[PDB]
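Peer 1: In my numbering, the protein residues as written are 1 to 135.
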Amino acid sequence: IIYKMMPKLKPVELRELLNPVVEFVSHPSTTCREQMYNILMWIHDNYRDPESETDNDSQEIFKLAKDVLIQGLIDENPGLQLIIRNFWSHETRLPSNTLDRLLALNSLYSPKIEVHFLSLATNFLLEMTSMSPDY
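Spelled out as structure tokens, the structure:
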């Protein structure tokens with residue numbers, strides 16, 4: 001219901017509604033968690049603030065969504081974790097330029113995943129070796 005009605009809500013409504021959503025990280029039932037990540041990816045690709053200044057809300061839900069999206073890279077379920085890994089590794093959410101990807105990698109730190117960060121970081125840096133004439 002949220003995913004369907006969500007490209008109509010006002011930013012304040014979406015802040016009001018996001019808190020019970022992101023509460024699903026600990027949830028079992030990977031299907032529920034997958035729906036969560038779907039709506040979080042939607043509100044990440046829509047609240048990047050392409051313009052200059054958003055209200056206190058629109059800038060804040062992007063923060064709260066990006067944090068859980070980062071936290072999904074260590075989700076204890078493959079495929080799902082693969083889904084978030086592919087989403088982050090996709091172009092326009094993490095730059096294709098290798099140097100720019102390097103700087104953008106730090107943007108997705110979020111200490112809660114520190115133990116895995118370095119691994120993931122090299123992952124993101126070395127998955128773009130498999131786009132090259134040199135094989």
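Built from N, CA and C at the ideal position, the CB exists for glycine as well.
1. Suppose you measure from the CA of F24 to the CA of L103; what does that come to, to the nearest Å?
2. Taking DSSP as the reference, what is the three-state secondary structure of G79?
3. Could you compute how far the alpha carbon of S26 sits from the alpha carbon of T54?
4. Starting from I39, follow the alpha helix (DSSP H) in both directions and report where the run begins and ends.
5. I need the boundaries of the alpha helix (DSSP H) containing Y3, first residue and last residue.
6. As a quick exercise: from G79, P20, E127, pick the residue whose alpha carbon is nearest that of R101.
7. Among residues of its own chain, excluding the 5 on either side of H44, which ones have a beta-carbon nearer than 8 Å to its beta-carbon?
8. So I113 packs on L73, CB below 8 Å; how close in whole Å?
9. What span of residues does the alpha helix (DSSP H) with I61 cover, start to end?
10. So does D134 have its beta carbon nearer than 7 Å to some heavy atom of the ligand MN?
11. So, is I1 buried or exposed, given that buried needs 16 or more other C-beta atoms within 10 angstroms?
12. Rounded to whole angstroms, what is the Cα-Cα separation between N123 and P20?
13. Closest to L108 by CA distance: which of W42, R85, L14 is it?
Peer 2: Quick look at the numbers:
1. By 1-based counting over the sequence shown, the position of residue 24 is 24. By 1-based counting over the sequence shown, the position of residue 103 is 103. Distance between the alpha carbons of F24 and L103: 30 Å.
2. Looking up residue 79 in the sequence shown gives position 79. Coil at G79, not helix or strand.
3. Translated into positions along the sequence shown, residue 26 becomes position 26. Translated into positions along the sequence shown, residue 54 becomes position 54. Approximately 30 Å, taken between the alpha carbons.
4. Taking the sequence shown and counting its residues from 1, the one referred to as residue 39 is at position 39. First-last of the alpha helix (DSSP H) with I39: 30 to 44.
5. One-based indexing of the sequence shown puts residue 3 at position 3. Looking at the DSSP string, the run of the alpha helix (DSSP H) that includes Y3 is 2 to 5.
6. Here the question's residue 101 lines up with position 101 in the sequence shown. Considering only alpha carbons, the answer is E127.
7. Here residue 44 corresponds to residue number 44 of the sequence shown, with the count starting at 1. If we look at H44 and ignore the five residues flanking it on each side, its Cβ neighbours are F62, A65, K66, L69, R93.
8. Taking the first residue of the sequence shown as 1, we reach residue 113 at position 113. Taking the first residue of the sequence shown as 1, we reach residue 73 at position 73. Your pair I113 and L73 checks out as a contact, with CB atoms roughly 6 Å apart and the cut at 8 Å.
9. The count along the sequence shown starts at 1 and reaches residue 61 at position 61. Looking at the DSSP string, the run of the alpha helix (DSSP H) that includes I61 is 58 to 71.
10. Of ligands this structure carries none, so the ligand MN is not represented either.
11. One-based indexing of the sequence shown puts residue 1 at position 1. With fewer than 16 Cβ atoms within 10 Å of its Cβ, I1 is classed as exposed.
12. The residue you call residue 123 lines up with position 123 of the sequence shown. The residue you call residue 20 lines up with position 20 of the sequence shown. So the alpha carbons of these two residues sit roughly 31 Å apart.
13. Working through the sequence shown from its first residue, we reach residue 108 at position 108. Among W42, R85, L14, the Cα nearest to that of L108 is on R85.
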